[PDB]
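So this first bit is one chain, no partners, the form deposited in one PDB entry, shown in structure tokens.
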């Protein structure tokens, strides 16, 4: 048994999952988020209590208002960087794609549905048919090139076009459609099969900008996705990681990563199961 599997069992048999989560909540460093609280930025925030820190927020270069609810999560020991953002609002979809272009982002990971429990969690920021989606405020257009519908997720091939310079770029849109809000995936196998499909696409490689991970608020399910992938990269280096400390370090870049104790427990399960690294996952996932 590994040092992660022994801690997992002790946390399970002793029922210490919620106190561990409360420890992470209390040990979380608070940082200034003044730009997010400006009066001009009220219509750019989906939730009042979810704001990006000033020191790590992503800036929209050369725009009149450079604010977007997006945080750059840097893990130097892992050579990995993610942009965790909220589900775009109808008026910030143009800022979302300007950010994707400026940061040279290759992949967009979506872990939420457009509609969840009688509420819209994210605007339809990519086209569903062959019609062009225009974003004139930032001068961008998005076309749906191809889509691959699996059982519990869909991969869209999107063409992001700079309508001013004519330059186009292909974007891989991974849409996890069966991850409930404030909940966990069906199994560690279905999540790891999705995470490794993102890895196998080369869109997390250093030849690209940071991938954009987003759900509804960009801290709950997005934090669970980011913590597992970061830990799986750190353990490949040969480090005996402390999952609690890796999460608290990530929480210095964006507040409230991982929202429920069950999401934290699932992170331990996915890290333990993913540590053994796959074809088994694809079959257990039942994506076909």
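Take the two forms, find the largest set of C-alpha atoms that superpose within 1.5 Å, and that set is the rigid core. Residues that one form lacks are left out of the comparison. Residue numbers count along the first chain shown, from 1.
There is another form of the same protein, the form deposited in another entry; it is not shown, and what comes next is about it.
- Checking 147, 77, 181, 74 for C-alpha shifts of 2 Å or more between this form and the one not shown, after the rigid core is superposed, gives a single hit: 181.
- Put the two forms on the same core and the Cα of residue 134 is off by less than 2 Å between this form and the one not shown.
- A movement of the C-alpha atom of residue 119 reaching 2 angstroms or beyond is seen between this form and the one not shown when the two forms are aligned on their rigid core.
- Note: residue 117-residue 93 Cα separation is 3 Å or more shorter in that other deposited form than here.
- Between residue 94 and residue 118, the Cα distance is smaller in that other deposited form than in this structure, by no less than 3 angstroms.
- Listed in sequence order, 116 to 122, 180 to 186 mark where three or more consecutive residues have CA shifts of 2 Å or more between this form and the one not shown on superposition of the core.
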